[PDB]
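The data below hold one chain only, encoded as structure tokens and taken in the form deposited in one PDB entry.
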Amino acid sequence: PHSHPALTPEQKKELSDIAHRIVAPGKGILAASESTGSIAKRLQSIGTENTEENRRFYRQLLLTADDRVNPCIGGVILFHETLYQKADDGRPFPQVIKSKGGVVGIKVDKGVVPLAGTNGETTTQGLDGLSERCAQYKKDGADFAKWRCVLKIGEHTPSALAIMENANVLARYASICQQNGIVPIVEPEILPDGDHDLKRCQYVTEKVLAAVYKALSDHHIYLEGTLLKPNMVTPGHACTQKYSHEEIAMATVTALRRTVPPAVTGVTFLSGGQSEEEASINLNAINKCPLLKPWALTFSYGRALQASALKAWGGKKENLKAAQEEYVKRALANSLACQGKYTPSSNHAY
């Protein structure tokens, strides 16, 4: 094959520097990019009307927590709406995030769509006009992006088509992002839905990630200028067999070691349906796993960082401090976890 450089040494340096800042030691990502329709259920759980002002206030609550969170948060992912909102002091949210040492991220996908001829499988859309959108988001303060692909473990899934198609679209998205100085976070989420066991999740995860990286290679993606946001390897949500955190950690680390090139700057785990504590304990076990890990192993949590804060807030302005306190607590717990320093108080078998 013949090379036709997609990026200059300068463009590579910019992307690599951004990627490294996000996952620097002890730092993780706050995923606060829920759309109106996705955060609707959260607000209704606390009897709070889903208005623009309430969403702005809640986001402000998280983004303006005290400096204790600064060394814990390397990046914050925002939804389009939030990227253009301002704190009470008039400061745009991207400025608020940057001022606390964090990198600003932006969700750019346009949701999943059904793959015809499959058993309920999907791919993700959002490539149309993505380059122009990225160029604008960059000018407006964003340095990295989010794009979520969803795969499911079932009797006949994920199918060959679902794997190939989702891997290909993630590569297209990544390619467009890098052309605009935006670090793409590649997110091939394999849902925990089902009664499958740990070994099954590990197998599927290994096959999906192998497909993802081959696609990234085919599309000339600069891995040093990317991050990976995969599901941890865990048994199905309804699996009858139970496992220890150490087992989940070994399965996860083994899967990654068998598929993720050392060149990838970092892995930022999604928490799925895990509770706040569960997500932190598992991430800690992952970092304590006695196998060599050539990439940062950290977090990109949404609910796992906001669950208690949202509840403490309750939609009441007078609970601002209490709510932010809960967020800080989880930010500190996960910052410790991504270093293997968190305390709540036979690899050949994989």
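From 1 onward, residues are counted along the sequence shown.
Counting the deposited residues that fall between residue 3 and residue 4 and carry no coordinates gives zero. Annotation for 217-225 versus 152-160: the higher mean temperature factor (C-alpha) is found in 152-160. The PDB entry reports B-factors from which the mean C-alpha value can be compared for 56-64 and 306-314; the larger average falls on 306-314. Across the options 107, 133, 242, 258, the residue with the most elevated CA B-factor in the record is 242.
The entry assigns its greatest Cα B factor, within the set 322, 281, 296, 30, to 322. The entry lists a Cα temperature factor for residue 82 that places it in the middle third of the chain's modelled residues. Looking at the C-alpha B-factors along this chain, the one for residue 237 belongs to the highest third. Placement of the Cα temperature factor of residue 273 within the chain: highest third of the modelled residues, per the deposited record.
Remark: residue 330 belongs to the middle third of its chain, ranked by C-alpha B-factor as recorded. Per-chain ranking of the deposited C-alpha B factor places residue 140 in the middle third.
The form deposited with a partner chain bound is left out here; the points below concern that form.
Exactly one of the stretches 92-100, 185-193, 137-145, 79-87 approaches the partner chain in the deposited complex with heavy atoms within 4.5 Å, and it is 185-193.
For residue 297, no non-hydrogen atom is located within 4.5 Å of the partner chain in the deposited complex, even though that partner is not displayed. Shown alone here, residue 69 lies farther than 4.5 Å from the partner chain in the deposited complex, counting heavy atoms only. None of the heavy atoms of residue 226 is located within 4.5 Å of the partner chain in the deposited complex. Contact between residue 314 and the partner chain in the deposited complex is not found at the 4.5 Å heavy atom cutoff.
By the 4.5 Å heavy atom rule, the three marked residues 41, 302 and 307 all count as contacting the partner chain in the deposited complex.
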